[PDB]
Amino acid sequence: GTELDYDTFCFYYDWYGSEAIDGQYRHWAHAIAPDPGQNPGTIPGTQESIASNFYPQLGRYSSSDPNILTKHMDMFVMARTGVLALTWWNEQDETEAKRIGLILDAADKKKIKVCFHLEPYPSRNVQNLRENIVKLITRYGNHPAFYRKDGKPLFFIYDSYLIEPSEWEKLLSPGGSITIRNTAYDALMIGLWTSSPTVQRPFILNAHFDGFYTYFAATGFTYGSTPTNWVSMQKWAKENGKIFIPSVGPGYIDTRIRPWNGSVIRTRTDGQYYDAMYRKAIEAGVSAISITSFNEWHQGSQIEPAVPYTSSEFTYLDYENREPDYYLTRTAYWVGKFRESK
């Protein structure tokens, strides 16, 4: 009842900086998004004003601070989440390479695995995706923390709908012009199911994805993130040899950085929102679950410990009446219930 679950994937963000490591509070400082001649301004990432509606127990930390990473891996162990699904932006800079290596090293000390969450980086296309999959497997595939499921790496592909199925086929069909199938670089490729089945069923089949996930922590944001659709999505997945990895989260709020986005707020209700979403994933009969998120602090979906904080600039939300580690321990509860169902 305490072991890590390697079919549980927690979305992790490595984009935070601190003065101690980076010399700058990266991402804690963040531009405010205009509402789709506005000068919306910027959150400055001071102690008092950070780019989240909540406040981290660990403060304005650096994702490159090995001592922070240690603490994060201990949190993953508490939550029983065996796979860290690492955001990857193809930054092509030494700081990215350093951070990835540190995260792998810290993860391995606690038997945590790492897979990549391939983000919509500039000019992303199936050719540079192939080149990047090769790069990541070549660089990190022999690291002991690199995740494999039945011998294959696994990648989540955010906003996979931005690429046509005719392009995906070239990479993901066994006959595709630039296929990874049957190569040293074959992998489980998990696309993002967004909209209705009439659109998503043929997309997923014609793209040759191995599976699909839903990402959004806010129920009802998309068809795919509406949990009453999960039973039918799982039925279709099983019928079509696809792996469904629904995404569950504890809440959503991003109004510090998107003040116009209040309709997407989902209240945590002392854990009852998380409970409801996790229960629906397990009841759907799925073989794997993803958690949005460990630490997307901008979106207020994090399970990472948060503390009460009132500053001169903002009164932050917090977990009270729950303790700061409540979402870690509640995750461990649900991992157990999920394992009971496997």
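Residue numbers run from 1 along the displayed sequence.
Colleague: Mind giving me a quick count class for deposited residues absent from the model between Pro36 and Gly37? Options are none, 1 to 3, 4 to 9, 10 or more.
Modeller: Unmodelled stretch: 4 to 9 residues.
Colleague: For the C-alpha atoms alone, is the average B factor greater in 78-86 or in 237-245, going by the entry?
Modeller: Taking the mean B-factor of the alpha carbons in each, 237-245 is higher.
Colleague: Comparing 194-202 with 158-166, where is the mean C-alpha B-factor higher?
Modeller: According to the PDB entry, the answer is 194-202.
Colleague: Per the PDB entry, which option out of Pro259, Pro153, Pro120, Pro250 has the greatest Cα B factor?
Modeller: Within the set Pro259, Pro153, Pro120, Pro250, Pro259 shows the top C-alpha B-factor.
Colleague: Out of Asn128, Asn142, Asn182, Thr214, which one has a C-alpha B factor higher than all the others in the entry?
Modeller: Out of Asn128, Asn142, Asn182, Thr214, the record gives the largest C-alpha B-factor to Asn142.
Colleague: Among the modelled residues of its chain, does the C-alpha B-factor of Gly59 lie in the lowest, middle or highest third?
Modeller: Middle third - that is where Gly59 ends up once the chain's C-alpha B-factors are sorted.
Colleague: So where's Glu296 on the chain's Cα temperature factor ranking, which third?
Modeller: Lowest third of the chain for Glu296's C-alpha B-factor.
Colleague: Please place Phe11 in the lowest, middle or highest third of its chain according to the CA B-factor in the PDB entry.
Modeller: It belongs to the lowest third of the chain when residues are ordered by C-alpha B-factor.
Colleague: Within this chain's modelled residues, let me know which third the CA B factor of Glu304 belongs to: lowest, middle or highest.
Modeller: According to the entry, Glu304 has a C-alpha B-factor in the chain's lowest third.
Colleague: Quick check for you: using the entry's CA B-factors within this chain, is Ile50 in the lowest, middle or highest third?
Modeller: Answer is middle: the recorded C-alpha B-factor places it there.
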